[PDB]
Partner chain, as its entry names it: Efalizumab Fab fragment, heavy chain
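So this first bit is one chain, no partners, the form solved without the partner chain, shown in structure tokens.
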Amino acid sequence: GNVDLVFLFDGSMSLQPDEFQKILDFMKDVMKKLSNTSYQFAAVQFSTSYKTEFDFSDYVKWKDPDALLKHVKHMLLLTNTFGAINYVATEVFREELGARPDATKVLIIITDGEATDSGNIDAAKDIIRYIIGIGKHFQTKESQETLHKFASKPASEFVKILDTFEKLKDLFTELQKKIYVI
């Protein structure tokens, strides 16, 4: 059917400029690959605060991933992931901003650290949640486990741990092998 996908991307101060850019490039690559399909996209940057960089109605109107992410500015603050998930669930998946009432709701969280806030994400229960944890902060098994609370079940399928930012390329390769005409 229809899929309404939101990229929720980390803009924290731990990210070097080239690392932030690789996150952007990954999102653009996925959008370009899936252009003119059944998929619709929205992108939200999160750090201490949250900002919708473009919503579903923007994507439908302009279509161009490069133009849609052209004026993103790296926030450079903390990682309030609990707050960001709640933000998306109540402020982005809304019919007024172009969300389709009959689409499947998907959230892709891209982060390089553990959350600096706390709370619950009960508001996002109906949303399918993928988490991609990248880098040094996720070496220990204990740090990886913290991400499980954000992801859909089972974690083994919805949590992806990449050791370097270069590995987003490999993830994109993997995704492309699962594309089919149905």
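Positions refer to the first chain, counted from 1.
We do not show the form deposited with the partner chain bound, though everything after this point is about it.
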| query | finding |
| --- | --- |
| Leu24, heavy atom within 4.5 angstroms of the partner chain in the entry with it bound | yes |
| is_contact(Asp64, the partner chain) in the entry with it bound, heavy atom dist at most 4.5 Å | yes |
| Any non-hydrogen atom of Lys70 within 4.5 angstroms of the partner chain in the entry with it bound | yes |
| Contact test in the entry with it bound: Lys28 vs the partner chain, heavy atoms, 4.5 Å | yes |
| The partner chain in the entry with it bound reached by all of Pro17, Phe20 and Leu76, non-hydrogen atom within 4.5 Å | yes |
